[PDB]
Amino acid sequence: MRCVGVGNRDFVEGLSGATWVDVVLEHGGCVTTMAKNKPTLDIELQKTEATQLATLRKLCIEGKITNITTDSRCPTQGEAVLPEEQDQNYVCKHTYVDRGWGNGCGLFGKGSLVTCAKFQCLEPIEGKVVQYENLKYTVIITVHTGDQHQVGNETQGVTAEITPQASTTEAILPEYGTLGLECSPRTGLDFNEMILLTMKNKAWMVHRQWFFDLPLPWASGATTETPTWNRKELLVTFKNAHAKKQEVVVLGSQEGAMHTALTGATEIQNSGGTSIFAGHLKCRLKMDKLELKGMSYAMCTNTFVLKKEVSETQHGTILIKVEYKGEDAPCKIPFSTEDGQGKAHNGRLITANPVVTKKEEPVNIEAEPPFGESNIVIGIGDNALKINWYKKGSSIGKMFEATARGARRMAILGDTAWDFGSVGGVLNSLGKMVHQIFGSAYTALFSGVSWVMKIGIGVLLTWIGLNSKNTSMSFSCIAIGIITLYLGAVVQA
Amino acid sequence: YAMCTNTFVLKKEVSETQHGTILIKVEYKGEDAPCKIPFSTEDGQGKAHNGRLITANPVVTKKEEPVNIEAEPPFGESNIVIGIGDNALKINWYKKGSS
Amino acid sequence: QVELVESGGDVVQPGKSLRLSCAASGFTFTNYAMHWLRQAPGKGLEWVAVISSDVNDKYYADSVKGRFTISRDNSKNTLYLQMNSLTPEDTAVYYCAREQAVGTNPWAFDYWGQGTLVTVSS
Amino acid sequence: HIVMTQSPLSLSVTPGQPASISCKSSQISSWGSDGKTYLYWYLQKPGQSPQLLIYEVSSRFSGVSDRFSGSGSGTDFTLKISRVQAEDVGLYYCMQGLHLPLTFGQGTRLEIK
Amino acid sequence: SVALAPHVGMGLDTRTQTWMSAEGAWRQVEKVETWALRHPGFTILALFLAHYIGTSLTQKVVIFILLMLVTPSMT
Amino acid sequence: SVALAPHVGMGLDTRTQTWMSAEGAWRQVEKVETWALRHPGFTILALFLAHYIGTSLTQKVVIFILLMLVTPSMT
Ligand SMILES: *[C@@H]1O[C@H](CO)[C@@H](O[C@@H]2O[C@H](CO)[C@@H](O[C@@H]3O[C@H](CO[C@@H]4O[C@H](CO)[C@@H](O)[C@H](O)[C@@H]4O)[C@@H](O)[C@H](O[C@H]4O[C@H](CO)[C@@H](O)[C@H](O)[C@@H]4O)[C@@H]3O)[C@H](O)[C@H]2NC(C)=O)[C@H](O)[C@H]1NC(C)=O
Ligand SMILES: *[C@@H]1O[C@H](CO)[C@@H](O[C@@H]2O[C@H](CO)[C@@H](O)[C@H](O)[C@H]2NC(C)=O)[C@H](O)[C@H]1NC(C)=O
């Protein structure tokens, strides 16, 4: 019941012959998978910690200029020289100047002066790469027990840490058995082309090549005294005051400029180690050693009384909180959805098996009814509690929402979205293969095209398809226009 | 030699040569004589066998010393399995490219 | 946003040693050239010592030459001022100052610490 | 060592009036290589650690009210305070920074008349 | 400066919001709009150039849009 | 402001050198070059669009150049 009020829960119904249902654990999301007889349980990856990462290189965002020194030679003589030109910490630019008898030189013409300056950085910005032998994913597995304090609670579950070295694991549950994960973390979010960069207690994940491309003076990265800065001319600016003499100016603080240069990069907490949020992981659930643990129990004769008003979630599932009345046994909770004058039931129990645990705490069930007027009967006797509800939506709206959600999943996760709820069907493999090929082509073509430029190119290609004599219109327009407009509309995230 | 009967612990993370061969380095935590290492690379979401060892006989000579098996996985995404097959080490790796 | 805090000021008889620590925060401490400063009550500010960005360019004033030791520890973000052969004239409140972020001088004062007073008497 | 002399040792000005301080050096503070006069000015508020007002002479440090303005060149420099508030009471210290043994001037003071 | 070259189209994106999603979504289009509002005559020049270099109508519209979008973007 | 819509081209110029003619002269060209060299894939689609829009070679070429200069800077 940890995966109840999140608003991004997406149910995974059904499992294969070998019972290895699959899910793709999205960082903000949670799955709430279930089965025909297994205990329904919800899974959500939470933190994906990384640690013992090394510093690769250091960039400089604020500079100080000291010891400005200048020399000038007469015209028709070599470029002016300082003994300070060849020091590692000096930026020095030759230039020209006019001088004649007014400057004490006999021969008129353009002379050469140079202004060397010592450059020392004040606040570097480090870019630290993360390795693969230290990445540690952390997954909570909270099982729907209908416990008193399980709805919305974020501190209930059994941690199953999964590192790339020890990919597989088996999370032992309190009383429901064992659930095994064969998760594959190497195919998830790529941590090879992603380099962390940190400034002033802020850490971001940026593409590695982009981090090298950006124009700031860098250094070796290994910590030491006086890191000899390379490409340091980007900060120092050498203004020439209309050919009479030269001035040296330091550009200023680049913190704000970088805070704009990182517009599309995700952010991660950097308080202790690196709690890298904003990831995604795929995994398959063995889900064959689990036990319902409630089948042997009986059915409670005594009545049931609720404690909170019925309130459904954003996904149209009734949630019921009911406390058992006086009796001397734990049991199964009977349950049957009924219409006002129709006894056909179409409402399932998303909770596996509602069982009273300690006789004193309310056990809160969570079950979805069919859309329309349909009351709920819980107790076995004729004095049973009869909670009545009228579901608002319709099946067509649910289908539309499902299509939109699947479109979002395929637009975000890309190639691996076809394996989300995969039962192992052959058709899903073919779909994933063709989507992988088309997605590779699309990424190659559209890599780096911005949010507005995608929409522009999409509408342009849609018009080109529409006004075409050849029978490539029905392909180009539909496919490229729809795909590109959708990706432009939902690309920024 | 006989067949190995205990779990293998991966000692250094798997890396790939330019040509595609994974170079695993397993260490044997088990009280047994020198013996053959069972090795089977189940393909992506299936039992199919499409990856082969490039090392002819991956045997562990001594308990203490770690061996370093080199093998090329299936060209897509696969799961290399090293061990007795029940508690075996599922070293996962993903190859990128096109045949 | 810069924050400089002092520590080590206490009463002491003449001749005995004492070490003054300047903990700093809010900036990269290792890329700076810290100073020390002091002022006796009823008197003007008096310079004490400087340690450059490179740890091997220390300097001191004439009235305090050959009697004080200044040392930085980059990792612990503290500035150590080991003072020996202190006299009742040398007692004063000691200020720990930062370098000039914007400017040309290799040595200047942007920001002053809170200030600790060391009392010297018999 | 540079002898620093401040013309007033105590200024009593009524609010809304200008108060000017003259600090005359003993030798030239102009660094010949760059042609910049390296002078500094600090205000120590009552019972506070001093802050910085005028790095170099023309320039002015951030977080400083626009009223303060430095002037002068070549061993004789001058501040100006167009409007004096209750918060301008303190101990203005001219200091040279050209040569390594930094010497402050004797502390002047500014009290409201 | 580095304020250009935003980390926009790299493609390694996830569910969570990026650094400045809402703030950085419309920055470029706002810049183009304010430039066009500030300098009106370039619209006349672009109309003339598109008319005298565009054969069909869609070509005219596309090249005018490209010019009006590149000039503030180019600088 | 953000380093977009700079001060160039406003006028009010004279013989004395401006602020950063030394560095900002080639900045946009260098940005376009580095973006094209870091994302070479978009050139194929630019050629596709240029070939499918335009009945001549002059408008083909100008549309190609306009796309190749819009996309990186409008990024
Ligand atoms: C960059 O620009 C800065 C700008 O200041 C330069 O900083 C110089 O730092 C050095 C320190 O290494 C300063 O040296 C001091 O010179 C004083 C000059 O005194 C007179 O000059 C002659 C010439 O040598 C001296 O011999 C006489 O003593 C004269 O009085 C000198 O008095 C002073 O001595 C101090 O230190 C010693 C040692 O601790 C004490 O014994 C002494 O009592 C006193 O405390 C220093 O030697 C130099 O003055 C600074 N520059 C200026 C213009 O003042 C940098 O050198 C420039 N370059 C670099 C790479 O940073
Ligand atoms: C989430 O679960 C925890 C643990 O089950 C709940 O904390 C318990 O609260 C009750 C009543 O306040 C205490 O008697 C228990 O001792 C607590 N157990 C602990 C702290 O381990 C918590 O109330 C639940 N709900 C929330 C919102 O956290």
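Scroll up to find the structure this text is about.
Okay, so let's go over this structure. (Residues numbered from 1 in each chain as written, not as in the entry; some residues may be left out. Chains lettered and ligands numbered in written order. Part of a larger assembly, values for the part shown. Heavy atoms only, no water. Residues with missing side-chain atoms left out of burial classes, pairs and counts.)

Geometry of an aromatic ring pair is reported as the spacing of the ring centres plus the angle between the planes. As enumerated under the stated definition, the model contains 22 aromatic pairs over all chains in all. Arranged with centres 5.8 Å apart and planes meeting at 50°, the rings of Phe109 of chain C and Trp112 of chain C form a pair that is tilted. Owing to a relative accessible area of 8%, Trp112 of chain C belongs among the buried residues under this scheme. Aromatic ring contacts, followed pair by pair, group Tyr95, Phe109 and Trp112 of chain C together with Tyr42 and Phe104 of chain D into a single cluster. Sitting over the face of the ring of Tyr132 of chain A, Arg186 of chain A holds its NZ or CZ atom 5.0 Å from the ring centroid. Note that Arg409 of chain A overlies the ring of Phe420 of chain A, its terminal NZ or CZ placed 4.4 Å from the centroid. (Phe/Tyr/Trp six-rings, centres within 6.5 Å; stacked < 30°, edge-to-face > 60°. Buried < 20%, exposed > 50% of the residue type's maximum accessible area, 1.4 Å probe, protein only. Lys NZ or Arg CZ within 6 Å of the ring centre and 35° of its normal.)

So, about the sheet that holds strand β7 (residues 110-121) of chain A. Residue and element names in this part refer to chain A. Taken in spatial order, the three strands of this open sheet run β5-β7-β6, and their pairing is antiparallel. Across the chains shown, the open sheet's two edge strands, defined by having one partner strand only, are β5 (63-73) and β6 (90-98). For this sheet, the mean angle separating the axes of adjacent strands, direction not counted, is 20°. (Pairing = 2+ DSSP bridges. Helix = DSSP H or I, 4+ residues; strand = E, 2+ residues; numbered from the N terminus. Axes fitted to C-alpha atoms, helices over the stretch in contact; angles between N-to-C directions.)

Turning next to the site of ligand 1. Within the structure, ligand 1 sits among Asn67 and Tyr90 of chain A, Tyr59, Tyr60, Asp62, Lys65, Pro106 and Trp107 of chain C together with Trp31, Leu98, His99 and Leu100 of chain D. Bordering ligand 1 are residues originating from chains A, C and D. At a separation of 2.3 Å, an oxygen atom of ligand 1 approaches a polar side-chain atom of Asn67 of chain A. Separating an oxygen atom of ligand 1 from a side-chain N or O atom of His99 of chain D is a distance of 3.4 Å. Of the residues belonging to the shell around ligand 1, the class tally is eight nonpolar, two polar and two charged. (Near = heavy atom within 4 Å. Polar contact = N/O pair within 3.5 Å; in protein donor to acceptor, adjacent residues only side chain to side chain. Nonpolar A, V, L, I, M, F, W, Y, C, P; charged D, E, K, R; others polar.)

Next up on the list: the site of ligand 2. Residue and element names in this part refer to chain A. What surrounds ligand 2 is the set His149, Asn153, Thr155 and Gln156. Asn153 places a side-chain nitrogen or oxygen 2.4 Å from an oxygen atom of ligand 2. Considering ligand 2 on its own, with 580 Å² of exposed area, one finds that the protein chains cover 24% of that surface. Partitioned by chemical class, the residues of the shell around ligand 2 number no nonpolar, four polar and no charged. (Areas by Shrake-Rupley, 256 points an atom, 1.4 Å probe, with all protein chains shown as cover.)

Residues and elements named next belong to chain D. On the secondary structure map, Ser10 appears in the loop between β1 (5-6) and β2 (11-13). Judged by relative accessible area, which is 44%, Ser10 ranks as partly exposed. The spacing of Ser10 and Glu111 is 101 residues in sequence and 7.4 Å in space, taken between C-alpha atoms. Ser10 has contacts with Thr108 and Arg109, leaving out every residue within four places of it along the chain. (Contact = heavy atoms within 4.5 Å.)

Moving on, we get to the state of the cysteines. In total, this model carries seven disulfides over all chains according to the counting rule given. Each disulfide pairs two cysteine sulfurs, and for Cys300 of chain A the partner residue is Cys331 of chain A, the sulfurs being separated by 2.0 Å. Between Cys300 of chain A and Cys331 of chain A the disulfide shows an S-S torsion of about -110°. By sign, it is left-handed. Residue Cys300 of chain A is located in the loop between β20 (289-290) and β21 (304-306), and its partner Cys331 of chain A is located in the loop between β22 (318-324) and β23 (336-338); the two are separated by 31 residues in the primary sequence. Counting only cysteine sulfurs, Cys183 of chain A is the nearest neighbor of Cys283 of chain A, a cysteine outside any disulfide, at a range of 6.3 Å. Free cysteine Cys35 of chain B: the closest other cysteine sulfur is in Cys4 of chain B, separated by 4.0 Å. (Disulfide = S-S within 2.5 Å.)

A separate point is the interface of chain C and chain D. Residue-level contacts link 22 residues of chain C with 21 residues of chain D. The contact between chain C and chain D buries some 1900 Å² in all, and 59% of this surface belongs to carbon and sulfur atoms. Linking chain C to chain D there are zero salt bridges. Summed over the shared surface of chain C and chain D, the number is six residue pairs in polar contact. Broken down by secondary-structure element, the contributors of at least two residues to the side of chain C that touches chain D are β4 (35-39) and β5 (46-50) of chain C. In terms of residue count, β4 of chain C provides more of the side of chain C that touches chain D than any other element does, three residues in total. The residue makeup of the side of chain C that touches chain D, split by class, is eleven nonpolar, seven polar and four charged. (Buried area = accessible area lost by both parts, 1.4 Å probe. Salt bridge = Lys/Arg side-chain N within 4 Å of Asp/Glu carboxyl O.)

Positive phi, normally seen in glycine, also occurs at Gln45 of chain B, with a value near 55°. Even without being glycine, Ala5 of chain F reaches a positive phi, approximately 50°. Structurally, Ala5 of chain F can be placed in the segment before α1 (27-38).

To continue, consider the packing of α1 of chain F against helix α3 (residues 58-74) of chain F. All names here are of chain F. Interaxial distance between α1 and α3 falls to 9 Å at its minimum, and their mutual angle equals 95°. On the basis of the axis angle, α1 is roughly perpendicular to α3. Where α1 approaches α3, its residues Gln28, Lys31, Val32, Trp35 and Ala36 are matched on the opposing element by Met68, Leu69, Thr71, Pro72 and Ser73. Each residue belonging to the contact of α1 with α3 can be placed in one class, and the counts come to six nonpolar, three polar and one charged. (Parallel < 35°, antiparallel > 145°, perpendicular 65-115°, else oblique.)

All names here are of chain A. Taken together, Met433, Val434, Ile437 and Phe438 make up a surface patch of nonpolar side chains, about 440 Å² in accessible area. On the secondary structure map, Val434 appears in helix α4 (residues 426-446). Look at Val434 and you get partly exposed, because its relative accessible area is 46%. (Patch = residues over 30% accessible without salt bridge, like charges linked within 9 Å, V, L, I, M, F, W, Y side chains within 5 Å.)

Residue and element names in this part refer to chain A. Considering the arrangement of structural elements, one finds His27 in the loop between β1 (21-26) and β2 (41-45). Within the structure, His27 has its side chain in polar contact with the backbone oxygen of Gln46 (distance 2.9 Å). Polar side-chain contacts of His27 include one of 3.5 Å to the backbone nitrogen of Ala278. Discounting chain neighbours no more than four positions away, the residues touching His27 are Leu45, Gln46, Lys47, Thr48, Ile276, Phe277, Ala278 and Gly279.

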